[PDB]
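# Pasting the sequence and an experimental structure:
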Amino acid sequence: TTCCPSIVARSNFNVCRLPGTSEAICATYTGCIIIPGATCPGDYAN
């Protein structure tokens, strides 16, 4: 659901998983991107 180069890059998503939702679309504001269905763009291939 979320392809990233590293897990550390998903550190920004810690604000999404938490009761805050400041950015809301952390998936995008976390380096990662929004995939359709387990279909990475290949940029990260993770």
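Received it, and whenever you're ready, just let me know what you need. Numbers count the residues shown, from 1 in each chain.

# element containing the residue most central in space within the chain?
Centroid check for the chain by Cα atoms, centre = their mean gives residue 27 as the closest residue, at 3.3 Å. Counting by DSSP states H and E, there is no helix or strand that carries residue 27.

# who touches it in this structure?
2, 13, 16, 33, 34 (Cβ atoms under 8 Å, 6 or more residues apart in numbering). (C-beta placed from N, C-alpha, C; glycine too.)

# What's the local residue count around residue 3?
Applying the criterion other Cβ atoms under 10 Å, we find 19 residues in the vicinity of residue 3.

# so it makes contact with residue 36?
No: Residue 3 lies out of contact with residue 36 (Cβ atoms under 8 Å); the separation is 11.2 Å.

# Show me whatever sits in contact with both of these two.
Here residue 3 and residue 36 have no joint contacts, going by Cβ under 8 Å, 6+ apart.

# nearest spatial neighbour of residue 26, skipping sequence neighbours?
By the measure of Cβ to Cβ, 6 or more residues apart in numbering, the closest residue to residue 26 outside its immediate chain neighbours is residue 16, 3.7 Å from it.
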